[PDB]
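Neighbour counts run over all protein chains shown; Cβ positions are idealised from the backbone, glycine included. Values quoted throughout were computed directly from the atomic coordinates according to the rules given, and no laboratory measurement underlies them.
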Amino acid sequence: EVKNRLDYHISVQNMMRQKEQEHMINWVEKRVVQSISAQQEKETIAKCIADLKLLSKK
Amino acid sequence: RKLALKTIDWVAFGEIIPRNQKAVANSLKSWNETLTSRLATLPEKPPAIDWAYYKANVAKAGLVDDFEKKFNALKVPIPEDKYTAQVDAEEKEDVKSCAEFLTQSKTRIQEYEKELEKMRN
């Protein structure tokens, strides 16, 4: 009879944190992304790892 | 907790009773049969609560602390008597089954057995 009383809270804090996670996450990702390409250096880090493919997978 | 300490045998109670209660014994036997079987099943009590776990792991950790000093204080009673008048009825029914009928039976079995010493004539 006690237990039910604590467990709501836990279980809500669990569900709440996921619902903050997904909503944070979704809003977060949906705001900031774009500026990435204006780093051409996100294709230079492709080129960088790609030159360390291109030397360093042979 | 098992059967109450006093155990009388299930055929010695369960064949024989005063004439006033004769049909009620065979029912009360089955009523005590269902109760003694129904009580023999139970682990008397649950575990305790691991408290330092419940306080850490329910992240509402201050709702938790109410229910500690409450549950640790809040203790359960065993149910009471209301029918140990059956033990006073048992002492009166032993005065009847023993003394009253025993000494009366010892003069009546002797009334025949003294006539059996007369039947030796």
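Miscellaneous remarks
- Within segment B:12-25, residues that are among the β-branched types (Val, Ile, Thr) have Cβ atoms under 6 Å from residues that are surrounded by 10 or more Cβ atoms within 10 Å (Cβ to Cβ) in these pairs: B:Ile17/B:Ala25, counting only partners at least 6 apart in sequence or on another chain.
- On inspection, A:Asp7 does not qualify as more than 14 Å from chain B (Cβ to nearest Cβ), part of a helix (DSSP H, G or I) and surrounded by 11 or more Cβ atoms within 10 Å (Cβ to Cβ).
- Any hit, segment B:68-75, residues being surrounded by 11 or more Cβ atoms within 10 Å (Cβ to Cβ), out of contact with any helix residue (DSSP H, G or I) (no Cβ under 8 Å at 6 or more places or on another chain) and under 29 Å from B:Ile16 (Cα atoms): no
- Helices (runs of 4 or more DSSP H) (entirely within segment B:45-121) containing at least 3 residues that are more than 14 Å from chain A (Cβ to nearest Cβ): B:85-95, B:101-119
- For segment B:11-26, a residue qualifies if it is surrounded by fewer than 10 Cβ atoms within 10 Å (Cβ to Cβ) and within 17 Å of B:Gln86 (Cβ to Cβ), and the qualifying residues are B:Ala12, B:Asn20.
- Among all positions in segment B:94-111, there is no residue which is within 15 Å of the chain's Cα centre (by Cα), over 30 Å from A:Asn4 (Cβ atoms) and not hydroxyl-bearing (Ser, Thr, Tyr).
- Scanning segment B:8-48 for residues that are closer than 28 Å to A:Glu1 by Cβ and of a type in the set (A, V, I, L, M) returns B:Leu35, B:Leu39, B:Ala40, B:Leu42, B:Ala48.
- Test: residue in segment B:27-42 that is more than 14 Å from chain A (Cβ to nearest Cβ) and either part of a loop (DSSP other than H, G, I, E, B) or within 30 Å of A:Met15 (Cα to Cα) (or both): yes
- Candidates in segment A:10-40 are the residues that are β-branched (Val, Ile, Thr) and more than 14 Å from every other protein chain (Cβ to nearest Cβ); of these, the one that is farthest from the chain's Cα centre (by Cα) is A:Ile36.
- Selection within segment A:28-58 - surrounded by 10 or more Cβ atoms within 10 Å (Cβ to Cβ), of a type outside the set (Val, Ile, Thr) and assigned to a helix (DSSP H, G or I): A:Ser37, A:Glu41, A:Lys42, A:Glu43, A:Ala46, A:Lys47, A:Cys48, A:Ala50, A:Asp51, A:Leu52, A:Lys53, A:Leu54
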